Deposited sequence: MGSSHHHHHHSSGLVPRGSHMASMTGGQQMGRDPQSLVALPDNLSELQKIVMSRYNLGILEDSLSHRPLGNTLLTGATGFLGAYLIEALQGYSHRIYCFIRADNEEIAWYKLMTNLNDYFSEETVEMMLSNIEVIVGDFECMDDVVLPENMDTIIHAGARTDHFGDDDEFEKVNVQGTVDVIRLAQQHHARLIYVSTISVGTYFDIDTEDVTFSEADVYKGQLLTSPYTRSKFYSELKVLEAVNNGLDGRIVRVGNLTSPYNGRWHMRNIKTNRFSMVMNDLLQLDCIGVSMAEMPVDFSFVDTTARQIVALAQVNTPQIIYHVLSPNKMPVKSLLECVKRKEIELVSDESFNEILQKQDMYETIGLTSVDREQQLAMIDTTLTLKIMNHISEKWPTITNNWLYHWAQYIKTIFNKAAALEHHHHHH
(Lines of atoms letter the chains of each structure in order from A and count residues from 1; the text may use other names and numbers.)
(Lines give C-alpha, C1' and ligand atoms only; values in the text may rest on other atoms or scores of the structure.)
Protein backbone atom coordinates (compact mmCIF):
# COMPACT_ATOMS: atom_id res chain seq x y z
CA UNK A 1 0.00 0.00 0.00
CA UNK A 2 0.94 3.68 -0.36
CA UNK A 3 0.64 6.34 2.35
CA UNK A 4 1.12 10.15 2.33
CA UNK A 5 4.23 11.78 3.81
CA UNK A 6 1.94 13.45 6.29
CA UNK A 7 0.15 10.29 7.51
CA UNK A 8 1.00 11.17 11.11
CA UNK A 9 -0.67 14.60 10.93
CA UNK A 10 -3.86 12.81 9.89
CA UNK A 11 -3.50 10.11 12.56
CA UNK A 12 -2.95 12.82 15.18
CA UNK A 13 -5.98 14.90 14.09
CA UNK A 14 -8.23 11.80 14.12
CA UNK A 15 -6.97 10.62 17.52
CA UNK A 16 -7.35 14.02 19.18
CA UNK A 17 -10.84 14.63 17.88
CA UNK A 18 -11.63 11.14 19.10
CA UNK A 19 -10.65 12.12 22.64
CA UNK A 20 -12.85 15.24 22.59
CA UNK A 21 -15.88 13.06 23.36
CA UNK A 22 -19.18 14.92 23.57
CA UNK A 23 -18.93 18.70 24.07
CA UNK A 24 -21.63 21.17 25.16
CA UNK A 25 -23.57 22.44 22.15
CA UNK A 26 -22.11 19.39 20.39
CA UNK A 27 -25.39 17.53 20.02
CA UNK A 28 -26.84 20.78 18.64
CA UNK A 29 -28.79 20.40 15.38
CA UNK A 30 -27.41 21.23 11.94
CA UNK A 31 -30.01 21.53 9.13
CA UNK A 32 -29.06 19.35 6.18
CA UNK A 33 -30.28 21.96 3.68
CA UNK A 34 -29.61 21.28 -0.01
CA UNK A 35 -28.17 17.81 -0.05
CA UNK A 36 -26.11 16.36 -2.86
CA UNK A 37 -26.28 12.58 -2.78
CA UNK A 38 -24.20 10.15 -4.78
CA UNK A 39 -24.97 6.45 -5.24
CA UNK A 40 -28.74 6.94 -5.26
CA UNK A 41 -29.24 4.19 -7.81
CA UNK A 42 -27.83 1.70 -5.32
CA UNK A 43 -29.02 -0.24 -2.27
CA UNK A 44 -27.85 1.95 0.62
CA UNK A 45 -28.75 4.94 -1.58
CA UNK A 46 -32.47 4.11 -1.72
CA UNK A 47 -32.67 3.90 2.07
CA UNK A 48 -30.65 7.08 2.39
CA UNK A 49 -33.18 8.81 0.16
CA UNK A 50 -36.00 7.56 2.38
CA UNK A 51 -34.08 8.39 5.59
CA UNK A 52 -33.59 11.99 4.33
CA UNK A 53 -37.31 12.58 3.72
CA UNK A 54 -38.37 15.67 5.59
CA UNK A 55 -34.91 16.47 6.77
CA UNK A 56 -33.24 17.48 3.51
CA UNK A 57 -34.51 20.68 1.98
CA UNK A 58 -34.02 19.01 -1.40
CA UNK A 59 -32.07 15.97 -2.46
CA UNK A 60 -29.90 16.55 -5.48
CA UNK A 61 -29.11 13.10 -6.91
CA UNK A 62 -25.93 12.91 -8.94
CA UNK A 63 -26.39 10.03 -11.34
CA UNK A 64 -24.11 9.03 -14.23
CA UNK A 65 -26.21 8.30 -17.29
CA UNK A 66 -26.29 9.05 -21.02
CA UNK A 67 -29.14 11.51 -20.41
CA UNK A 68 -31.67 12.85 -17.92
CA UNK A 69 -34.46 10.46 -18.98
CA UNK A 70 -32.47 7.31 -18.39
CA UNK A 71 -31.11 8.84 -15.17
CA UNK A 72 -34.64 9.32 -13.86
CA UNK A 73 -35.38 5.78 -15.02
CA UNK A 74 -32.47 4.37 -13.04
CA UNK A 75 -33.41 6.28 -9.87
CA UNK A 76 -37.15 5.56 -10.09
CA UNK A 77 -36.65 1.88 -10.89
CA UNK A 78 -34.37 1.59 -7.86
CA UNK A 79 -36.76 3.40 -5.56
CA UNK A 80 -39.68 1.34 -6.83
CA UNK A 81 -38.00 -1.96 -5.97
CA UNK A 82 -37.83 -1.09 -2.28
CA UNK A 83 -40.69 1.32 -1.55
CA UNK A 84 -44.36 1.68 -2.45
CA UNK A 85 -45.59 3.72 -5.42
CA UNK A 86 -47.36 6.14 -3.07
CA UNK A 87 -44.14 6.61 -1.05
CA UNK A 88 -41.86 7.00 -4.05
CA UNK A 89 -44.17 9.46 -5.81
CA UNK A 90 -44.06 11.42 -2.57
CA UNK A 91 -40.23 11.38 -2.53
CA UNK A 92 -40.13 12.78 -6.10
CA UNK A 93 -41.44 16.12 -4.93
CA UNK A 94 -38.07 16.58 -3.16
CA UNK A 95 -35.77 15.09 -5.80
CA UNK A 96 -33.61 16.73 -8.41
CA UNK A 97 -31.52 14.45 -10.55
CA UNK A 98 -28.21 15.82 -11.84
CA UNK A 99 -26.82 14.04 -14.89
CA UNK A 100 -23.14 13.23 -15.03
CA UNK A 101 -20.80 11.52 -17.43
CA UNK A 102 -17.54 9.66 -16.81
CA UNK A 103 -16.98 15.59 -12.99
CA UNK A 104 -16.14 19.20 -14.00
CA UNK A 105 -19.89 19.91 -13.61
CA UNK A 106 -22.15 22.63 -12.19
CA UNK A 107 -25.06 22.43 -9.72
CA UNK A 108 -28.36 24.43 -9.68
CA UNK A 109 -27.85 25.76 -6.12
CA UNK A 110 -25.32 26.00 -3.34
CA UNK A 111 -25.11 22.67 -1.52
CA UNK A 112 -25.21 22.61 2.27
CA UNK A 113 -24.41 18.91 2.58
CA UNK A 114 -22.87 16.22 0.43
CA UNK A 115 -23.25 12.54 1.14
CA UNK A 116 -20.89 10.35 -0.80
CA UNK A 117 -22.20 6.76 -0.90
CA UNK A 118 -21.78 4.29 -3.75
CA UNK A 119 -18.84 4.07 -6.16
CA UNK A 120 -18.48 3.92 -9.96
CA UNK A 121 -18.57 0.35 -11.34
CA UNK A 122 -7.69 -0.18 -11.76
CA UNK A 123 -11.15 0.68 -10.36
CA UNK A 124 -9.13 2.39 -7.60
CA UNK A 125 -8.01 5.46 -9.59
CA UNK A 126 -11.50 6.30 -10.93
CA UNK A 127 -13.15 5.83 -7.55
CA UNK A 128 -10.57 7.81 -5.61
CA UNK A 129 -10.93 10.45 -8.33
CA UNK A 130 -14.65 10.42 -7.58
CA UNK A 131 -13.96 11.06 -3.91
CA UNK A 132 -11.66 13.94 -4.93
CA UNK A 133 -14.22 15.46 -7.32
CA UNK A 134 -16.67 15.36 -4.39
CA UNK A 135 -14.12 16.97 -2.05
CA UNK A 136 -13.50 19.83 -4.52
CA UNK A 137 -17.25 20.27 -4.71
CA UNK A 138 -17.75 20.39 -0.94
CA UNK A 139 -14.88 22.85 -0.67
CA UNK A 140 -16.37 25.16 -3.30
CA UNK A 141 -19.84 24.98 -1.68
CA UNK A 142 -18.57 25.10 1.91
CA UNK A 143 -20.61 21.97 2.62
CA UNK A 144 -20.44 19.39 5.33
CA UNK A 145 -19.17 16.29 3.55
CA UNK A 146 -20.24 12.88 4.79
CA UNK A 147 -18.13 10.16 3.21
CA UNK A 148 -19.49 6.62 3.37
CA UNK A 149 -16.78 4.01 3.87
CA UNK A 150 -16.54 0.40 4.98
CA UNK A 151 -15.30 -1.16 8.22
CA UNK A 152 -13.40 -3.54 5.95
CA UNK A 153 -10.64 -0.95 5.56
CA UNK A 154 -9.49 -2.31 8.92
CA UNK A 155 -10.81 -5.83 9.36
CA UNK A 156 -7.94 -8.05 8.17
CA UNK A 157 -4.45 -8.15 9.75
CA UNK A 158 -1.58 -10.55 9.26
CA UNK A 159 -1.54 -13.57 11.59
CA UNK A 160 1.85 -12.42 12.89
CA UNK A 161 0.53 -9.06 14.12
CA UNK A 162 -0.52 -8.76 17.77
CA UNK A 163 -2.32 -5.41 18.05
CA UNK A 164 -5.45 -6.09 16.00
CA UNK A 165 -8.13 -3.80 17.45
CA UNK A 166 -9.75 -1.28 15.17
CA UNK A 167 -11.65 1.69 16.50
CA UNK A 168 -12.89 5.08 15.34
CA UNK A 169 -9.46 6.43 16.37
CA UNK A 170 -7.63 4.29 13.80
CA UNK A 171 -6.67 4.94 10.18
CA UNK A 172 -3.69 2.70 9.41
CA UNK A 173 -2.42 0.08 11.86
CA UNK A 174 -0.61 -2.29 9.52
CA UNK A 175 -3.89 -3.82 8.25
CA UNK A 176 -4.09 -5.88 5.05
CA UNK A 177 -5.90 -4.12 2.22
CA UNK A 178 -6.12 -6.93 -0.31
CA UNK A 179 -9.38 -6.13 -2.09
CA UNK A 180 -9.34 -3.28 -4.66
CA UNK A 181 -12.71 -2.13 -3.27
CA UNK A 182 -11.36 -1.70 0.24
CA UNK A 183 -8.13 -0.14 -1.01
CA UNK A 184 -10.22 2.40 -2.89
CA UNK A 185 -12.28 3.08 0.25
CA UNK A 186 -9.06 3.54 2.22
CA UNK A 187 -7.40 5.93 -0.20
CA UNK A 188 -10.70 7.82 -0.24
CA UNK A 189 -10.53 8.06 3.58
CA UNK A 190 -7.03 9.52 3.25
CA UNK A 191 -8.20 12.11 0.73
CA UNK A 192 -11.10 13.20 2.95
CA UNK A 193 -8.83 13.35 6.02
CA UNK A 194 -6.30 15.52 4.18
CA UNK A 195 -9.22 17.74 3.16
CA UNK A 196 -10.39 17.98 6.78
CA UNK A 197 -6.86 18.73 7.97
CA UNK A 198 -7.11 21.71 5.59
CA UNK A 199 -10.39 22.77 7.18
CA UNK A 200 -13.25 20.94 5.48
CA UNK A 201 -16.16 19.91 7.67
CA UNK A 202 -15.82 16.22 6.81
CA UNK A 203 -16.98 13.03 8.50
CA UNK A 204 -16.26 9.45 7.59
CA UNK A 205 -18.83 6.81 8.42
CA UNK A 206 -17.67 3.21 8.23
CA UNK A 207 -20.45 0.73 7.63
CA UNK A 208 -20.96 -2.97 8.12
CA UNK A 209 -22.27 -5.90 6.14
CA UNK A 210 -25.41 -4.34 4.64
CA UNK A 211 -28.46 -6.61 4.62
CA UNK A 212 -32.21 -6.43 4.17
CA UNK A 213 -33.94 -3.78 6.28
CA UNK A 214 -34.87 -4.72 9.83
CA UNK A 215 -38.30 -3.63 8.69
CA UNK A 216 -39.16 -3.49 4.99
CA UNK A 217 -38.86 -5.62 1.86
CA UNK A 218 -36.39 -8.53 1.67
CA UNK A 219 -35.39 -7.61 -1.88
CA UNK A 220 -31.91 -6.40 -2.63
CA UNK A 221 -31.09 -5.56 -6.25
CA UNK A 222 -28.11 -7.55 -7.55
CA UNK A 223 -28.10 -9.80 -4.47
CA UNK A 224 -26.78 -12.54 -6.78
CA UNK A 225 -23.41 -10.78 -6.91
CA UNK A 226 -23.26 -9.98 -3.20
CA UNK A 227 -20.44 -12.15 -1.70
CA UNK A 228 -22.14 -12.50 1.72
CA UNK A 229 -25.39 -13.66 0.08
CA UNK A 230 -23.51 -16.03 -2.25
CA UNK A 231 -21.59 -17.61 0.59
CA UNK A 232 -24.76 -17.86 2.70
CA UNK A 233 -26.56 -19.64 -0.14
CA UNK A 234 -23.71 -22.13 -0.44
CA UNK A 235 -23.65 -22.78 3.31
CA UNK A 236 -27.46 -23.07 3.40
CA UNK A 237 -27.47 -25.85 0.74
CA UNK A 238 -24.82 -27.74 2.71
CA UNK A 239 -25.62 -30.21 5.47
CA UNK A 240 -22.60 -29.27 7.60
CA UNK A 241 -19.81 -26.71 8.13
CA UNK A 242 -16.01 -26.74 8.39
CA UNK A 243 -14.13 -26.07 11.61
CA UNK A 244 -12.59 -22.76 10.54
CA UNK A 245 -15.86 -21.63 8.94
CA UNK A 246 -18.31 -22.22 11.78
CA UNK A 247 -16.25 -19.88 13.99
CA UNK A 248 -16.60 -16.96 11.51
CA UNK A 249 -18.54 -13.90 12.80
CA UNK A 250 -21.51 -12.59 10.79
CA UNK A 251 -23.25 -9.25 11.30
CA UNK A 252 -26.70 -8.29 10.03
CA UNK A 253 -26.31 -4.56 9.50
CA UNK A 254 -29.76 -3.58 8.27
CA UNK A 255 -29.67 -1.11 5.40
CA UNK A 256 -32.55 0.84 6.88
CA UNK A 257 -31.03 1.16 10.37
CA UNK A 258 -27.70 2.12 8.83
CA UNK A 259 -29.32 4.85 6.71
CA UNK A 260 -31.32 6.16 9.68
CA UNK A 261 -28.18 6.34 11.83
CA UNK A 262 -26.04 8.06 9.14
CA UNK A 263 -28.76 10.67 8.61
CA UNK A 264 -29.13 11.33 12.34
CA UNK A 265 -25.36 11.70 12.53
CA UNK A 266 -25.14 14.15 9.66
CA UNK A 267 -27.28 16.61 11.67
CA UNK A 268 -25.32 16.89 14.95
CA UNK A 269 -22.08 18.73 15.70
CA UNK A 270 -19.91 16.08 17.28
CA UNK A 271 -16.21 16.89 16.64
CA UNK A 272 -15.16 13.31 15.81
CA UNK A 273 -14.01 12.72 12.25
CA UNK A 274 -14.62 8.98 12.06
CA UNK A 275 -17.70 7.00 13.10
CA UNK A 276 -18.60 3.29 13.12
CA UNK A 277 -22.19 2.69 11.96
CA UNK A 278 -22.59 -1.09 12.06
CA UNK A 279 -24.49 -3.70 14.06
CA UNK A 280 -22.88 -4.23 17.50
CA UNK A 281 -24.46 -7.68 17.58
CA UNK A 282 -22.33 -9.99 15.47
CA UNK A 283 -22.94 -13.74 15.81
CA UNK A 284 -20.98 -16.71 14.41
CA UNK A 285 -21.98 -18.56 11.20
CA UNK A 286 -22.76 -21.82 12.96
CA UNK A 287 -24.97 -20.06 15.56
CA UNK A 288 -26.97 -18.58 12.66
CA UNK A 289 -27.03 -21.75 10.53
CA UNK A 290 -28.36 -23.56 13.61
CA UNK A 291 -30.92 -20.87 14.49
CA UNK A 292 -32.27 -21.35 10.94
CA UNK A 293 -31.96 -25.06 10.04
CA UNK A 294 -33.53 -25.74 13.45
CA UNK A 295 -31.20 -28.75 13.46
CA UNK A 296 -27.65 -29.12 14.84
CA UNK A 297 -25.11 -28.51 12.06
CA UNK A 298 -22.38 -31.18 11.83
CA UNK A 299 -18.71 -30.09 12.00
CA UNK A 300 -16.38 -31.58 9.36
CA UNK A 301 -12.63 -30.88 9.05
CA UNK A 302 -11.54 -27.76 7.12
CA UNK A 303 -9.96 -30.34 4.78
CA UNK A 304 -12.99 -32.63 4.24
CA UNK A 305 -15.19 -29.53 4.01
CA UNK A 306 -12.94 -27.94 1.34
CA UNK A 307 -13.29 -31.26 -0.50
CA UNK A 308 -17.11 -31.06 -0.36
CA UNK A 309 -17.04 -27.36 -1.40
CA UNK A 310 -14.74 -28.10 -4.35
CA UNK A 311 -16.90 -31.03 -5.51
CA UNK A 312 -20.08 -28.96 -5.76
CA UNK A 313 -18.12 -26.32 -7.74
CA UNK A 314 -18.58 -23.71 -5.01
CA UNK A 315 -15.75 -21.36 -5.96
CA UNK A 316 -17.52 -18.59 -4.05
CA UNK A 317 -17.32 -20.15 -0.58
CA UNK A 318 -13.81 -21.53 -1.23
CA UNK A 319 -12.51 -18.00 -1.95
CA UNK A 320 -13.64 -16.67 1.42
CA UNK A 321 -12.37 -19.89 3.12
CA UNK A 322 -8.94 -19.00 1.70
CA UNK A 323 -9.35 -15.37 2.85
CA UNK A 324 -9.96 -16.64 6.42
CA UNK A 325 -7.23 -19.30 6.71
CA UNK A 326 -4.37 -16.97 5.67
CA UNK A 327 -5.44 -13.71 7.40
CA UNK A 328 -6.35 -12.64 11.00
CA UNK A 329 -9.71 -11.13 12.02
CA UNK A 330 -9.65 -7.67 13.67
CA UNK A 331 -11.46 -6.77 16.89
CA UNK A 332 -13.66 -3.84 15.86
CA UNK A 333 -14.55 -1.22 18.48
CA UNK A 334 -17.75 0.87 18.31
CA UNK A 335 -17.96 2.30 21.85
CA UNK A 336 -17.82 6.02 20.97
CA UNK A 337 -20.18 5.92 18.01
CA UNK A 338 -22.61 3.92 20.15
CA UNK A 339 -22.51 6.50 22.96
CA UNK A 340 -23.17 9.34 20.49
CA UNK A 341 -26.04 7.36 18.97
CA UNK A 342 -27.76 6.78 22.33
CA UNK A 343 -27.49 10.53 22.82
CA UNK A 344 -29.57 10.96 19.66
CA UNK A 345 -32.06 8.39 20.95
CA UNK A 346 -31.08 6.01 18.15
CA UNK A 347 -30.55 2.31 18.83
CA UNK A 348 -29.87 -0.91 16.89
CA UNK A 349 -32.99 -3.08 16.73
CA UNK A 350 -33.15 -6.58 18.23
CA UNK A 351 -32.87 -9.46 15.76
CA UNK A 352 -35.36 -12.35 15.92
CA UNK A 353 -35.54 -16.03 15.01
CA UNK A 354 -38.52 -15.37 12.75
CA UNK A 355 -36.62 -12.68 10.89
CA UNK A 356 -33.67 -15.01 10.38
CA UNK A 357 -35.93 -17.80 9.17
CA UNK A 358 -37.71 -15.72 6.53
CA UNK A 359 -34.34 -14.23 5.64
CA UNK A 360 -32.88 -17.63 4.85
CA UNK A 361 -36.02 -18.62 2.92
CA UNK A 362 -35.62 -15.39 0.94
CA UNK A 363 -32.06 -16.12 -0.05
CA UNK A 364 -32.71 -19.80 -0.79
CA UNK A 365 -35.61 -18.64 -3.05
CA UNK A 366 -33.83 -15.76 -4.88
CA UNK A 367 -31.06 -18.21 -5.79
CA UNK A 368 -32.81 -21.47 -6.86
Exercise. Where along the deposited sequence are residues missing from the model?
Worked result: 1 to 37, 140 to 142, 162 to 168, 416 to 427
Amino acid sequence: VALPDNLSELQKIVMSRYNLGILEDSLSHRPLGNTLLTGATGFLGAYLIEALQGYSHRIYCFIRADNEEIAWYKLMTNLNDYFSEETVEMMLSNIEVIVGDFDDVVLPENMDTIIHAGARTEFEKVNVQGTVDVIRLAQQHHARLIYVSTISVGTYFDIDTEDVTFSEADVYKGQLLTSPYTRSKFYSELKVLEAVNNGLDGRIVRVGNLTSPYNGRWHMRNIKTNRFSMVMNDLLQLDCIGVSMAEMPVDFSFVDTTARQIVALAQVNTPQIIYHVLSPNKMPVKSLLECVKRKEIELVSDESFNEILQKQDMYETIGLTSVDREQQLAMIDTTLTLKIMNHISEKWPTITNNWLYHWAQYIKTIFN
From here on, numbers count along this sequence of modelled residues.
Exercise. Looking at the deposited entry, does 252 to 260 or 237 to 245 carry the larger mean Cα B-factor?
Worked result: 237 to 245
Seminar exercise, completed: Going by the entry, of stretches 303 to 311 and 326 to 334 the one with greater average Cα B-factor is 303 to 311
Exercise. Per the entry, which of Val171, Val205, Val126, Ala117 tops the list for Cα B factor?
Worked result: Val126
Exercise. Of the choices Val196, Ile146, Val105, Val268, which one's C-alpha carries the largest B-factor in the record?
Worked result: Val105
Problem set entry | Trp348, C-alpha B-factor rank within chain (lowest, middle or highest third) | middle
Seminar exercise, completed: Chain thirds by Cα B factor, record data; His276 belongs to the lowest
Problem set entry | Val285, C-alpha B-factor rank within chain (lowest, middle or highest third) | highest
Problem set entry | Ranked C-alpha temperature factor of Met232 among modelled chain residues, by third | highest
Problem set entry | Record-listed C-alpha B factor of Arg217: chain third | middle
